[PDB]
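Shown below, as structure tokens, is a lone chain in the form deposited in one PDB entry; questions about how it binds or moves come after it.
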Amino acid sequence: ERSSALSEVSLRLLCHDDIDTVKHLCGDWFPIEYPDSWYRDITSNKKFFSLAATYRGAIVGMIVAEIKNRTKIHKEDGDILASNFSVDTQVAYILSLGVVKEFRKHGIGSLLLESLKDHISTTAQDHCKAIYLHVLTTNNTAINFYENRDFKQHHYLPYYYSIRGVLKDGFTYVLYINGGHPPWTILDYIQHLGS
């Protein structure tokens, strides 16, 4: 019924007209209060690669990412890349990846991810050295999907409580590309030089 769904899937960019759909689908995945401005920006601003997967013409999945230089990484994740990667080095952050529950396990998520990788290759060549993202600790399904796709769990991010707001805990997950890697400790060097 839905069994054949991948054969009826097309890829397109998000656009302003998609905002209400995007609110609905994102809200289903994640209980978080993004402002309208966030939705307008991700849907309409070319700084983002925002790609939808449609089934029978209706969005059933999306990936939203930003390719940016390493200085734009928030300090909590600054150490995803070693210091010997210069300030000009690029990374891609995945703001959102999701697929509608009924449509999961048909290969849509993988297709979206692959599409982003292709986009990175054409757009940034070998300059981009990591793709990174955040997952809630609770998301067993997502973690499995990413781990199976070579993403590594970089570190735990704790609950954050402040006047500015509250953040749930999470993990940063990173796929390294084009030779990227995290900072190396004394032992890491001892190993490479040693052996």
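Residue numbers run from 1 along the displayed sequence. Between two forms, the rigid core is defined as the largest C-alpha subset superposing within 1.5 Å.
This protein has a second form, the form deposited in another entry, left out of what is shown; the following refers to that one.
Q: Using the rigid core as the reference frame, would you say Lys152 shifts its C-alpha by 2 Å or more between this form and the one not shown?
A: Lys152 C-alpha, core-superposed: shift of less than 2 Å.
Q: Using a superposition on the rigid core, decide whether the Cα position of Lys68 changes by 2 angstroms or more between this form and the one not shown.
A: No; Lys68 is a residue whose C-alpha shifts by less than 2 Å between this form and the one not shown when the cores are overlaid.
Q: Classify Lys47 as shifted (yes) or not shifted (no) between this form and the one not shown, where shifted means its C-alpha moves by 2 Å or more with the rigid core superposed.
A: Not so; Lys47 is displaced by less than 2 Å.
Q: Flagged pair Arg164/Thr137: C-alpha distance shifts by 3 angstroms or more in the other entry. Which direction, closer or farther?
A: Those two alpha carbons end up closer in the other entry.
Q: Given a CA distance change of at least 3 Å, are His74 and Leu167 closer or farther in the other entry?
A: Compared with this form, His74 and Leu167 lie farther apart in the other entry.
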